[PDB]
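Everything on this sheet refers to the single structure shown next.
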Amino acid sequence: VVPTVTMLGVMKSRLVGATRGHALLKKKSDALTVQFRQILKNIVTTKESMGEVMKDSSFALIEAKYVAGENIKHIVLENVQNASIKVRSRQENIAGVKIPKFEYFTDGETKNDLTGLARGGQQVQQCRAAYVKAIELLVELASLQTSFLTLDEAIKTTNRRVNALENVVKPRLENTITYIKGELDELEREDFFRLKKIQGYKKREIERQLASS
Amino acid sequence: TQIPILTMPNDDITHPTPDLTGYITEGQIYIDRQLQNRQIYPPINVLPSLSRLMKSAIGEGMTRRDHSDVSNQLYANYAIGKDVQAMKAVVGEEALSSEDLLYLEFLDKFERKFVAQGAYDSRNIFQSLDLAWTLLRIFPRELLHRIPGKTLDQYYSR
Amino acid sequence: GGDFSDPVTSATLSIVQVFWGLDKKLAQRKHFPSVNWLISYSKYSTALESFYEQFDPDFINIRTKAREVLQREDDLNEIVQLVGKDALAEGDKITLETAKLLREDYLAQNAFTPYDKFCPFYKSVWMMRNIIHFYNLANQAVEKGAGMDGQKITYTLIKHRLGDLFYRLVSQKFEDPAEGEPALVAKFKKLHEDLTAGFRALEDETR
Amino acid sequence: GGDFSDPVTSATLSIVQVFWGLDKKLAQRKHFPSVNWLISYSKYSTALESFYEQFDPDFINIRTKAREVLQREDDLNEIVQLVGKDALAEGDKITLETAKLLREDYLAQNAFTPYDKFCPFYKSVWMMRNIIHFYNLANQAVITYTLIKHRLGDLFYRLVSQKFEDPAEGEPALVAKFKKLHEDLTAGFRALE
Amino acid sequence: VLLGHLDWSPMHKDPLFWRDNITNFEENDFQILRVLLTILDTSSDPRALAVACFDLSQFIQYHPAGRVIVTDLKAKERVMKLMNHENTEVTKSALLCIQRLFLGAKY
């Protein structure tokens, strides 16, 4: 870019703004990383639900098999009284990230039931009780994925600003400072020094001419 | 005692006169353009401003005992409030904790009730420190980490 | 210091017509010609239009195509320096492709080898025609491949199924002109025909 | 503004052999010595090594180990910054803890306190030995870091106490107390392994 | 914990509060208590360690399993350092902590 005092001021302002924006983006990325760590911890904690509720559902299934032998299956698939599975979605916002929220049958709205099997009460209390845990796990996984993507984007932007933009601007500021002070200021003194030399030469010539008379 | 008023051209300190007088003196009380735009009559940017030997003025015989404590607490709390406002500009302000809102309201009160002194509202240092304590007492007594003991018990009770 | 704001350089460029500017970065990367194709310029391209026309009608157009490819490569590099190699359009990927080839196989010259000490003009013409033909065939495949996935995303597949012709394109610069003018022109023509047939068949196979 | 680019600064750095580098960041963090270990250097150590070894041949090796620990301190710093202390190994955790102890117990002075107003070279050498030797003896045992931390928890408080020793008792008495704590720390390190 | 300042107050020298607080800590083996044990091991204020030792003692007496864990925890290491430490009040509280773990190890 062309070096000038106004250009130097503009470059300094751009560097200051870049530093401020980098700090703000680092803060946002840190907050998003904290939220992602919390979501990962929650998912790890709720992973054990997928084992506990599964064991309970297996026990209920064994009890139902011992009660009525082979389930009807086929047309109605049997094995349950609840869980008319229908899923509804919601969008929450955390640190500017649109974290989805999930609700479904036996874990929210859109649920219905009718009759059931012999142990259908037990099956609902164990096999259909895992529905809430599954919905929570799915919501946690979706939130973790969204947070990971947002954190990756923010970290890429922050790293680019720290490495490329600021280190691009600062050499530009140094070159602009050098071009002005290193050349224009030096030339101004040299021009004036040569002018003073011309004046001194004129005075000396006048004095010598007067003395020769 | 000198309080020379110097104009810094182009609103920067790199100018030869301010940069030259910086070494000779021992302080800098900047007037900030944005605060003037924000219509705060004394636009003194307190956080950038400092006195290289402000410790001598603070003391027991002169002034009041709690001067240094309240000064440091105000400094730190202002910085925190500015940082929290910057964060709320980008985090949507929904995720801010209670302490973040406390610092936000403290920053607003400090800008609109403390700095914005009237052109003729003469304030003795004692009532100025009373105002400082009024702003400070919003935070819990345990939250004012920078304040030493035996001072909170003295003044935090109002 | 390399800055082109020096009084000598400014006064020279104020009157000189053709200007082969050089970049220190390319010299650092052992490029050797070091001619920065983005800043250099030649005002004499207008006068030599008659010579180009009586030589080859293709060159006047493939030159513009190559210049456009270079400008697009510069813009893409500027974008990817911060966005990242992902999320690039397959057309943009095909543009960066053969732009790397033009950089490392056409403009680059060793200048201390039996092959790159001298280079006849029409040899460079055939090199440019081959590179532009590769670019045009790739973008023709991008335009229509019996589906968007089969049209443009297939560049990775091309990098393998067409790898031999790509290697021959990048290695066609290694042949010394001292090996006989008809020999080199025949080799260039054979390479062009082989690449054309192979890529046309691949674009006409399974799509 | 702290920018070591002015011609005065550049010439001084080019001529001066030893630059100590006081840092305002440490002063903000309430550091009495305020000497930034990351930027200070002593180009005369090679010539001083004769006296350093004559006083104690192990002192120069201790200094080299301390320099290595300081170099690894920033490494562990970004390690904790990016993933946290969890990913640190038992040896890595021990190294980080020893670096923190060195920074907050020996690399820092207390000036105003009568016990740390003046630090004799004897007391400094014994403190450096009692720190580095303990660091190694804990290092080669890698033992669970948490298990080592619980066993050495009293020792960590004792190391701060070893620094708290006054020079009034005389150099030998302070040296013997530093040695006794070091010997007890070493005995805990080897017997418990 | 959140303030990080340990002061004695009327409910921290009272047994009843600790009994209702035991359950709230459990989140990964008294995770709040484990963080408090880490706070007892390392604290910003020397004065805080003395009240911290008071607080720990009460939970361990109430929870025999907690007392054995406290001896394993770095809080016992902090108590051992406090036993080899000046200040009468810190030493009293430290001694009471040691004894609380001890009653439970051997029956």
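Here's how to read the names in the structure tokens: chain A, B, ... by the order shown, residue numbers from 1 in each chain, ligand numbers from 1 in the order shown.
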
Please report as a Markdown table every residue of chain A lying within 12 Å of chain D, along with the nearest atom pair and their distance in Å (one decimal), using only C-alpha atoms.
```
| residue | atom | partner | partner_atom | distance |
| --- | --- | --- | --- | --- |
| A:29 | CA | D:82 | CA | 11.9 |
| A:30 | CA | D:82 | CA | 10.2 |
| A:33 | CA | D:82 | CA | 10.2 |
| A:34 | CA | D:83 | CA | 11.2 |
| A:37 | CA | D:83 | CA | 10.4 |
| A:155 | CA | D:82 | CA | 11.7 |
| A:174 | CA | D:5 | CA | 11.3 |
```

Saved selection, atoms kept: C-alpha atoms, as a tab-separated table (two decimals), in the first residue's frame:
```tsv
chain	number	residue	atom	x	y	z
A	29	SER	CA	-14.45	-19.95	21.46
A	30	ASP	CA	-13.55	-20.58	25.11
A	33	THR	CA	-15.49	-25.14	24.32
A	34	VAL	CA	-16.72	-25.07	27.93
A	37	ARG	CA	-17.05	-30.15	27.40
A	155	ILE	CA	-11.17	-21.85	16.32
A	174	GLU	CA	6.52	-1.24	10.14
```

Hey, which bits of chain D sit within 12 Å of chain E, and for each residue what's the closest pair of atoms and how far apart in Å (one decimal), counting only C-alpha atoms, rows by chain and increasing number, as a tab-separated table?
```
residue	atom	partner	partner_atom	distance
D:145	CA	E:74	CA	11.9
D:146	CA	E:74	CA	8.5
D:147	CA	E:72	CA	8.6
D:148	CA	E:74	CA	10.0
D:149	CA	E:74	CA	7.3
D:150	CA	E:74	CA	4.7
D:151	CA	E:77	CA	6.9
D:152	CA	E:77	CA	7.6
D:153	CA	E:77	CA	4.9
D:154	CA	E:81	CA	4.4
D:155	CA	E:81	CA	7.6
D:156	CA	E:81	CA	8.5
D:157	CA	E:81	CA	6.2
D:158	CA	E:81	CA	7.4
D:159	CA	E:81	CA	10.8
D:160	CA	E:81	CA	11.0
D:161	CA	E:85	CA	9.4
```

Taking only C-alpha atoms into account, produce a table as JSON lines in which each residue of chain E with an atom at most 10 Å from an atom of chain B appears once, together with its shortest atom pair and the distance in Å to one decimal, ordered by chain and rising number.
```
{"residue": "E:2", "atom": "CA", "partner": "B:143", "partner_atom": "CA", "distance": 9.7}
{"residue": "E:3", "atom": "CA", "partner": "B:143", "partner_atom": "CA", "distance": 6.6}
{"residue": "E:4", "atom": "CA", "partner": "B:142", "partner_atom": "CA", "distance": 8.8}
{"residue": "E:5", "atom": "CA", "partner": "B:142", "partner_atom": "CA", "distance": 7.0}
{"residue": "E:6", "atom": "CA", "partner": "B:142", "partner_atom": "CA", "distance": 9.7}
{"residue": "E:7", "atom": "CA", "partner": "B:142", "partner_atom": "CA", "distance": 9.7}
```

Close residues, residue D:100 itself excluded, 12 Å, only C-alpha atoms, min 6 positions apart in chain, as an NGL selection string: :D and (66 or 69-70 or 72-74 or 76-77 or 93-94 or 106-108 or 131 or 135 or 156 or 159-160)

I need the chain B residues near chain D as a short mmCIF file (atom, residue, chain, number, x, y, z; two decimals) with N, CA and C atoms, in the first residue's frame; criterion: at most 12 Å, counting only C-alpha atoms.
```
data_model
loop_
_atom_site.label_atom_id
_atom_site.label_comp_id
_atom_site.auth_asym_id
_atom_site.auth_seq_id
_atom_site.Cartn_x
_atom_site.Cartn_y
_atom_site.Cartn_z
N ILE B 13 -1.03 9.30 20.91
CA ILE B 13 0.08 9.67 21.80
C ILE B 13 1.42 9.67 21.09
N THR B 14 1.50 9.16 19.86
CA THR B 14 2.76 9.10 19.14
C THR B 14 3.27 10.49 18.76
N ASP B 19 4.39 12.33 23.53
CA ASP B 19 5.39 11.28 23.75
C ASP B 19 6.60 11.83 24.48
N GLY B 22 5.65 12.56 28.19
CA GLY B 22 5.38 11.35 28.96
C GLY B 22 6.52 10.97 29.87
N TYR B 23 7.76 11.10 29.38
CA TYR B 23 8.91 10.72 30.19
C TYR B 23 9.12 11.68 31.36
#
```

Contact residues around residue E:65 with only C-alpha atoms at 12 Å, ignoring same-chain residues under 5 positions, as a PyMOL selection string: chain E and resi 22+29-30+59-60+70-72+100-105

With a distance cut-off of 10 Å and only C-alpha atoms, select the neighbouring residues of residue C:114, excluding the residue or stretch itself and same-chain residues fewer than 2 positions from it, and output the selection as a JSON list (two decimals) with C-alpha atoms, in the first residue's frame.
```json
[["chain", "number", "residue", "atom", "x", "y", "z"],
["C", 110, "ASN", "CA", 15.73, -25.37, -14.57],
["C", 111, "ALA", "CA", 17.94, -23.31, -16.94],
["C", 112, "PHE", "CA", 20.94, -25.57, -16.13],
["C", 116, "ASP", "CA", 15.53, -26.53, -20.12],
["C", 117, "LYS", "CA", 18.56, -24.63, -21.43],
["C", 118, "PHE", "CA", 16.61, -23.85, -24.62],
["C", 174, "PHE", "CA", 11.74, -33.14, -19.43],
["C", 175, "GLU", "CA", 12.48, -33.91, -23.10],
["C", 176, "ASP", "CA", 15.38, -31.94, -24.56],
["C", 177, "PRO", "CA", 14.72, -30.08, -27.83],
["C", 178, "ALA", "CA", 18.07, -31.40, -29.10]]
```

From a backbone DSSP assignment, name each residue in chain E labelled helix (DSSP H, G or I), as a tab-separated table (two decimals) with N, CA and C atoms, in the first residue's frame.
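Output file result.tsv is given in full below:
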```
chain	number	residue	atom	x	y	z
E	15	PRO	N	-23.57	-29.74	63.27
E	15	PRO	CA	-23.70	-31.06	62.67
E	15	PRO	C	-24.87	-31.24	61.73
E	16	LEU	N	-26.02	-30.60	62.01
E	16	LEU	CA	-27.25	-30.83	61.22
E	16	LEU	C	-27.13	-30.49	59.75
E	17	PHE	N	-26.40	-29.41	59.47
E	17	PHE	CA	-26.27	-28.93	58.07
E	17	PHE	C	-25.47	-29.97	57.28
E	18	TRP	N	-24.39	-30.49	57.87
E	18	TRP	CA	-23.63	-31.45	57.16
E	18	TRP	C	-24.40	-32.66	56.75
E	19	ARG	N	-25.31	-33.17	57.67
E	19	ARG	CA	-26.20	-34.33	57.38
E	19	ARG	C	-27.10	-34.21	56.19
E	20	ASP	N	-27.56	-32.98	55.96
E	20	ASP	CA	-28.43	-32.71	54.79
E	20	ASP	C	-27.54	-32.42	53.57
E	21	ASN	N	-26.26	-32.08	53.80
E	21	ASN	CA	-25.38	-31.70	52.65
E	21	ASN	C	-24.65	-32.91	52.05
E	22	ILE	N	-24.70	-34.07	52.70
E	22	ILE	CA	-23.95	-35.20	52.23
E	22	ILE	C	-24.47	-35.70	50.88
E	23	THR	N	-25.79	-35.81	50.84
E	23	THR	CA	-26.43	-36.25	49.64
E	23	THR	C	-26.21	-35.33	48.42
E	24	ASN	N	-26.15	-34.02	48.69
E	24	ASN	CA	-26.05	-33.03	47.58
E	24	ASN	C	-24.68	-33.13	46.92
E	25	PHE	N	-23.66	-33.51	47.70
E	25	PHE	CA	-22.36	-33.63	47.12
E	25	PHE	C	-22.24	-34.72	46.04
E	31	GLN	N	-18.53	-35.72	44.50
E	31	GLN	CA	-17.68	-34.90	43.58
E	31	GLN	C	-17.50	-33.49	44.14
E	32	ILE	N	-18.56	-32.90	44.70
E	32	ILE	CA	-18.42	-31.56	45.34
E	32	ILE	C	-17.46	-31.68	46.53
E	33	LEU	N	-17.60	-32.74	47.33
E	33	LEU	CA	-16.71	-32.97	48.50
E	33	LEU	C	-15.27	-33.22	48.03
E	34	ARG	N	-15.10	-33.96	46.93
E	34	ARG	CA	-13.74	-34.23	46.37
E	34	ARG	C	-13.11	-32.90	45.94
E	35	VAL	N	-13.90	-32.02	45.31
E	35	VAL	CA	-13.39	-30.68	44.91
E	35	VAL	C	-13.07	-29.91	46.19
E	36	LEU	N	-13.91	-30.04	47.22
E	36	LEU	CA	-13.64	-29.38	48.53
E	36	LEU	C	-12.37	-29.98	49.15
E	37	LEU	N	-12.17	-31.30	49.02
E	37	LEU	CA	-10.93	-31.94	49.52
E	37	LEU	C	-9.73	-31.38	48.75
E	38	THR	N	-9.88	-31.19	47.43
E	38	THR	CA	-8.81	-30.56	46.62
E	38	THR	C	-8.61	-29.12	47.11
E	39	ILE	N	-9.71	-28.42	47.42
E	39	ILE	CA	-9.62	-27.03	47.96
E	39	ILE	C	-8.92	-27.07	49.33
E	40	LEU	N	-9.20	-28.09	50.14
E	40	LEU	CA	-8.50	-28.23	51.44
E	40	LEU	C	-7.00	-28.46	51.16
E	41	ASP	N	-6.68	-29.28	50.16
E	41	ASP	CA	-5.26	-29.56	49.81
E	41	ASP	C	-4.58	-28.28	49.32
E	46	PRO	N	-4.43	-19.04	53.77
E	46	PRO	CA	-3.99	-19.98	54.82
E	46	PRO	C	-5.08	-20.14	55.88
E	47	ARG	N	-5.79	-19.05	56.20
E	47	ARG	CA	-6.86	-19.08	57.23
E	47	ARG	C	-7.96	-20.06	56.79
E	48	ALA	N	-8.24	-20.13	55.49
E	48	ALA	CA	-9.34	-20.99	54.99
E	48	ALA	C	-9.08	-22.45	55.37
E	49	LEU	N	-7.82	-22.91	55.29
E	49	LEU	CA	-7.49	-24.33	55.59
E	49	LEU	C	-8.02	-24.75	56.97
E	50	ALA	N	-7.99	-23.85	57.95
E	50	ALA	CA	-8.41	-24.22	59.33
E	50	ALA	C	-9.91	-24.51	59.38
E	51	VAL	N	-10.73	-23.70	58.69
E	51	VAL	CA	-12.21	-23.89	58.70
E	51	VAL	C	-12.55	-25.05	57.77
E	52	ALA	N	-11.72	-25.29	56.76
E	52	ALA	CA	-11.94	-26.34	55.85
E	52	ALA	C	-11.84	-27.64	56.55
E	53	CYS	N	-10.85	-27.82	57.44
E	53	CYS	CA	-10.60	-29.00	58.25
E	53	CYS	C	-11.73	-29.29	59.22
E	54	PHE	N	-12.39	-28.23	59.67
E	54	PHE	CA	-13.51	-28.27	60.60
E	54	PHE	C	-14.62	-28.93	59.78
E	55	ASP	N	-14.92	-28.40	58.55
E	55	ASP	CA	-15.98	-28.79	57.63
E	55	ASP	C	-15.84	-30.22	57.24
E	56	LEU	N	-14.60	-30.68	56.87
E	56	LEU	CA	-14.38	-32.05	56.47
E	56	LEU	C	-14.73	-33.06	57.55
E	57	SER	N	-14.33	-32.73	58.79
E	57	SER	CA	-14.38	-33.56	60.04
E	57	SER	C	-15.74	-33.98	60.28
E	58	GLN	N	-16.68	-32.99	60.19
E	58	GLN	CA	-18.10	-33.19	60.38
E	58	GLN	C	-18.75	-34.19	59.41
E	59	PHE	N	-18.47	-34.09	58.04
E	59	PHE	CA	-18.93	-35.03	57.04
E	59	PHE	C	-18.38	-36.43	57.28
E	60	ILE	N	-17.09	-36.58	57.62
E	60	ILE	CA	-16.51	-37.91	57.86
E	60	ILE	C	-17.11	-38.62	59.07
E	61	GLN	N	-17.42	-37.91	60.14
E	61	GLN	CA	-17.94	-38.51	61.34
E	61	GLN	C	-19.30	-39.12	61.05
E	62	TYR	N	-20.12	-38.35	60.31
E	62	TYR	CA	-21.42	-38.63	59.79
E	62	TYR	C	-21.43	-39.70	58.77
E	64	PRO	N	-19.12	-42.77	57.77
E	64	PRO	CA	-17.91	-43.54	58.08
E	64	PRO	C	-17.09	-43.86	56.82
E	65	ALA	N	-17.77	-44.15	55.71
E	65	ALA	CA	-17.07	-44.43	54.43
E	65	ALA	C	-16.29	-43.19	54.01
E	66	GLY	N	-16.88	-42.00	54.21
E	66	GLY	CA	-16.21	-40.74	53.86
E	66	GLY	C	-14.93	-40.56	54.66
E	67	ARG	N	-14.94	-40.97	55.93
E	67	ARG	CA	-13.75	-40.80	56.81
E	67	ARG	C	-12.57	-41.59	56.24
E	68	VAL	N	-12.81	-42.84	55.82
E	68	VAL	CA	-11.72	-43.68	55.24
E	68	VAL	C	-11.25	-43.00	53.95
E	69	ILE	N	-12.19	-42.50	53.15
E	69	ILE	CA	-11.84	-41.81	51.87
E	69	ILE	C	-11.01	-40.56	52.20
E	70	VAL	N	-11.36	-39.84	53.27
E	70	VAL	CA	-10.65	-38.58	53.64
E	70	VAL	C	-9.18	-38.90	53.95
E	71	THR	N	-8.93	-40.02	54.64
E	71	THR	CA	-7.52	-40.43	54.92
E	71	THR	C	-6.80	-40.68	53.60
E	72	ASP	N	-7.45	-41.36	52.65
E	72	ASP	CA	-6.86	-41.57	51.30
E	72	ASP	C	-6.72	-40.22	50.59
E	74	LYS	N	-6.21	-36.13	49.62
E	74	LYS	CA	-5.10	-35.18	49.90
E	74	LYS	C	-5.48	-34.29	51.08
E	75	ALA	N	-6.76	-34.29	51.48
E	75	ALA	CA	-7.16	-33.52	52.69
E	75	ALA	C	-6.39	-34.07	53.89
E	76	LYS	N	-6.23	-35.39	53.99
E	76	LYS	CA	-5.41	-35.98	55.08
E	76	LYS	C	-3.96	-35.53	54.94
E	77	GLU	N	-3.45	-35.45	53.71
E	77	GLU	CA	-2.06	-34.95	53.48
E	77	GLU	C	-1.97	-33.49	53.95
E	78	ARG	N	-2.99	-32.68	53.66
E	78	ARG	CA	-3.02	-31.28	54.14
E	78	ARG	C	-3.08	-31.29	55.67
E	79	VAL	N	-3.87	-32.21	56.24
E	79	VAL	CA	-3.99	-32.33	57.73
E	79	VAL	C	-2.63	-32.72	58.32
E	80	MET	N	-1.89	-33.62	57.65
E	80	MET	CA	-0.54	-34.02	58.13
E	80	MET	C	0.39	-32.81	58.10
E	81	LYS	N	0.32	-32.00	57.04
E	81	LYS	CA	1.14	-30.76	56.96
E	81	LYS	C	0.69	-29.81	58.08
E	82	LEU	N	-0.63	-29.71	58.31
E	82	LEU	CA	-1.18	-28.84	59.39
E	82	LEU	C	-0.73	-29.35	60.76
E	83	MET	N	-0.65	-30.67	60.93
E	83	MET	CA	-0.15	-31.24	62.21
E	83	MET	C	1.29	-30.77	62.41
E	88	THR	N	-2.12	-22.75	66.65
E	88	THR	CA	-2.86	-23.60	67.56
E	88	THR	C	-4.23	-24.11	67.02
E	89	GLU	N	-5.06	-23.13	66.47
E	89	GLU	CA	-6.37	-23.35	65.85
E	89	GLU	C	-6.36	-24.22	64.58
E	90	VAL	N	-5.29	-24.05	63.73
E	90	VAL	CA	-5.15	-24.88	62.62
E	90	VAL	C	-4.84	-26.23	63.13
E	91	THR	N	-3.90	-26.39	64.11
E	91	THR	CA	-3.51	-27.74	64.66
E	91	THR	C	-4.61	-28.47	65.35
E	92	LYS	N	-5.54	-27.79	66.03
E	92	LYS	CA	-6.66	-28.38	66.73
E	92	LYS	C	-7.49	-29.06	65.68
E	93	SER	N	-7.86	-28.28	64.61
E	93	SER	CA	-8.85	-28.72	63.58
E	93	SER	C	-8.31	-29.95	62.80
E	94	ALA	N	-6.93	-29.93	62.56
E	94	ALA	CA	-6.14	-30.92	61.88
E	94	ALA	C	-6.16	-32.23	62.62
E	95	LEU	N	-6.02	-32.13	63.95
E	95	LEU	CA	-6.04	-33.29	64.89
E	95	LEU	C	-7.38	-33.96	64.92
E	96	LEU	N	-8.46	-33.10	64.93
E	96	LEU	CA	-9.83	-33.59	64.85
E	96	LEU	C	-10.15	-34.32	63.52
E	97	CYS	N	-9.55	-33.81	62.38
E	97	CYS	CA	-9.60	-34.48	61.09
E	97	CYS	C	-8.94	-35.78	61.03
E	98	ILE	N	-7.78	-35.88	61.74
E	98	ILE	CA	-7.04	-37.16	61.70
E	98	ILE	C	-7.84	-38.18	62.44
E	99	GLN	N	-8.28	-37.79	63.60
E	99	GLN	CA	-9.06	-38.71	64.45
E	99	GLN	C	-10.35	-39.23	63.75
E	100	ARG	N	-11.07	-38.46	62.93
E	100	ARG	CA	-12.25	-38.79	62.26
E	100	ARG	C	-12.14	-39.91	61.25
E	101	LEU	N	-11.05	-39.89	60.46
E	101	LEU	CA	-10.63	-40.95	59.57
E	101	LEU	C	-10.23	-42.18	60.36
E	102	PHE	N	-9.41	-41.90	61.42
E	102	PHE	CA	-8.82	-42.99	62.24
E	102	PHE	C	-9.89	-43.86	62.83
E	103	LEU	N	-11.08	-43.35	63.36
E	103	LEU	CA	-12.08	-44.11	64.14
E	103	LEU	C	-12.73	-45.20	63.32
E	104	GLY	N	-12.90	-44.82	62.04
E	104	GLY	CA	-13.40	-45.67	61.06
E	104	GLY	C	-12.50	-46.72	60.47
E	105	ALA	N	-11.10	-46.54	60.45
E	105	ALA	CA	-10.22	-47.52	59.80
E	105	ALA	C	-10.16	-48.77	60.56
```

Spatial neighbours of residue A:102, 8 Å, only C-alpha atoms, chain gap at least 3 places, as a list in words: residues 87, 88, 89, 90, 135, 136, 138 and 139 of chain A

For residue B:134: contacts at 12 Å, only C-alpha atoms, fewer than 2 positions along chain excluded, given as a list in words: residues 70, 74, 106, 109, 110, 113, 114, 127, 128, 129, 130, 131, 132, 136, 137, 138, 139, 155, 156, 157 and 158 of chain B

Next, dump the selected residues to file, keeping only C-alpha atoms, as a compact mmCIF listing (two decimals), in the first residue's frame.
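Done, and the output landed in result_7.txt:
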```
# COMPACT_ATOMS: atom_id res chain seq x y z
CA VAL B 70 -11.59 1.04 47.05
CA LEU B 74 -13.14 -0.01 41.41
CA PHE B 106 -22.16 -1.91 38.21
CA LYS B 109 -24.04 2.72 37.44
CA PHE B 110 -20.38 3.74 37.49
CA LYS B 113 -23.77 8.07 38.39
CA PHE B 114 -20.10 8.31 39.43
CA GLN B 127 -18.44 11.77 50.12
CA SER B 128 -16.74 10.66 46.91
CA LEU B 129 -15.50 7.57 48.74
CA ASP B 130 -18.99 7.17 50.22
CA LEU B 131 -20.33 7.05 46.66
CA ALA B 132 -17.63 4.53 45.80
CA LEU B 136 -19.20 -1.36 45.80
CA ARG B 137 -21.69 -2.72 48.33
CA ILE B 138 -23.76 -4.28 45.54
CA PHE B 139 -21.36 -7.21 45.36
CA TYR B 155 -17.61 -0.19 55.72
CA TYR B 156 -19.54 -2.93 53.89
CA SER B 157 -22.25 -2.70 56.57
CA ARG B 158 -23.02 0.86 55.37
```

Interface, chain A side, toward chain C (8 Å; only C-alpha atoms) as a ChimeraX atom specification: /A:156-157,160,164

Would you put the residues from that selection into a file with N, CA and C atoms, as a PDB file, in the first residue's frame?
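For reference, selection05.pdb as written:
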```
ATOM      1  N   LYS A 156     -10.953 -22.019  13.893  1.00  0.00           N
ATOM      2  CA  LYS A 156     -10.307 -21.725  12.619  1.00  0.00           C
ATOM      3  C   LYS A 156     -10.227 -20.224  12.383  1.00  0.00           C
ATOM      4  N   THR A 157     -11.324 -19.505  12.638  1.00  0.00           N
ATOM      5  CA  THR A 157     -11.307 -18.057  12.449  1.00  0.00           C
ATOM      6  C   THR A 157     -10.306 -17.385  13.381  1.00  0.00           C
ATOM      7  N   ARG A 160      -6.737 -18.117  12.268  1.00  0.00           N
ATOM      8  CA  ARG A 160      -6.422 -17.343  11.074  1.00  0.00           C
ATOM      9  C   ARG A 160      -6.142 -15.887  11.424  1.00  0.00           C
ATOM     10  N   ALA A 164      -2.485 -15.129  10.440  1.00  0.00           N
ATOM     11  CA  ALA A 164      -2.396 -14.457   9.148  1.00  0.00           C
ATOM     12  C   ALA A 164      -2.602 -12.951   9.282  1.00  0.00           C
TER      13      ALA A 164
END
```

With chain E as the partner and 12 Å as the cut-off, tabulate the residues of chain A that qualify, each row holding the nearest pair of atoms and their distance in Å to one decimal, using only C-alpha atoms, sorted by chain and rising number, as a tab-separated table.
```
residue	atom	partner	partner_atom	distance
A:41	CA	E:28	CA	11.6
A:42	CA	E:27	CA	11.7
A:45	CA	E:28	CA	9.7
```

Chain B contacts on chain A, only C-alpha atoms, 10 Å, as a ChimeraX atom specification: /A:6,9,20,23-25,27-28,31-32,93-97

Next, the residues of the selection above should be written as a tab-separated table (two decimals), in the first residue's frame with N, CA and C atoms.
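What landed in again10.tsv:
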```
chain	number	residue	atom	x	y	z
A	6	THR	N	-1.75	9.35	6.98
A	6	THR	CA	-3.12	8.84	7.07
A	6	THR	C	-3.14	7.32	6.91
A	9	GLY	N	-2.01	5.80	10.15
A	9	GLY	CA	-3.08	5.81	11.13
A	9	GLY	C	-4.13	4.75	10.85
A	20	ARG	N	-8.67	-6.50	19.03
A	20	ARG	CA	-9.90	-6.56	19.82
A	20	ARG	C	-10.81	-7.68	19.35
A	23	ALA	N	-9.49	-11.03	20.46
A	23	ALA	CA	-9.79	-11.29	21.86
A	23	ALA	C	-11.24	-11.71	22.05
A	24	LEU	N	-12.16	-11.01	21.38
A	24	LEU	CA	-13.58	-11.36	21.49
A	24	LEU	C	-13.84	-12.76	20.96
A	25	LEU	N	-13.25	-13.10	19.82
A	25	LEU	CA	-13.44	-14.43	19.25
A	25	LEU	C	-12.83	-15.51	20.13
A	27	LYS	N	-12.63	-15.34	23.41
A	27	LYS	CA	-13.57	-15.51	24.51
A	27	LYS	C	-14.77	-16.36	24.08
A	28	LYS	N	-15.31	-16.08	22.89
A	28	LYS	CA	-16.45	-16.86	22.40
A	28	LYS	C	-16.08	-18.32	22.22
A	31	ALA	N	-15.89	-20.04	25.60
A	31	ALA	CA	-17.22	-20.35	26.11
A	31	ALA	C	-17.83	-21.54	25.39
A	32	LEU	N	-17.69	-21.58	24.06
A	32	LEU	CA	-18.23	-22.70	23.30
A	32	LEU	C	-17.53	-24.01	23.66
A	93	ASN	N	-30.80	-21.98	21.96
A	93	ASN	CA	-29.61	-21.21	21.61
A	93	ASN	C	-28.71	-21.07	22.82
A	94	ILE	N	-27.48	-21.55	22.70
A	94	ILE	CA	-26.47	-21.42	23.75
A	94	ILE	C	-25.22	-20.84	23.12
A	95	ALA	N	-24.79	-19.68	23.61
A	95	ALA	CA	-23.59	-19.00	23.10
A	95	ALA	C	-23.67	-18.77	21.60
A	96	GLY	N	-24.86	-18.48	21.10
A	96	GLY	CA	-25.06	-18.23	19.69
A	96	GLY	C	-25.18	-19.46	18.82
A	97	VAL	N	-25.13	-20.66	19.40
A	97	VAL	CA	-25.24	-21.90	18.66
A	97	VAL	C	-26.66	-22.42	18.80
```

Between atom CA of residue D:88 and atom CA of residue D:184, distance in Å (one decimal):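 Atom CA of residue D:184 lies at a distance of 26.9 Å from atom CA of residue D:88.
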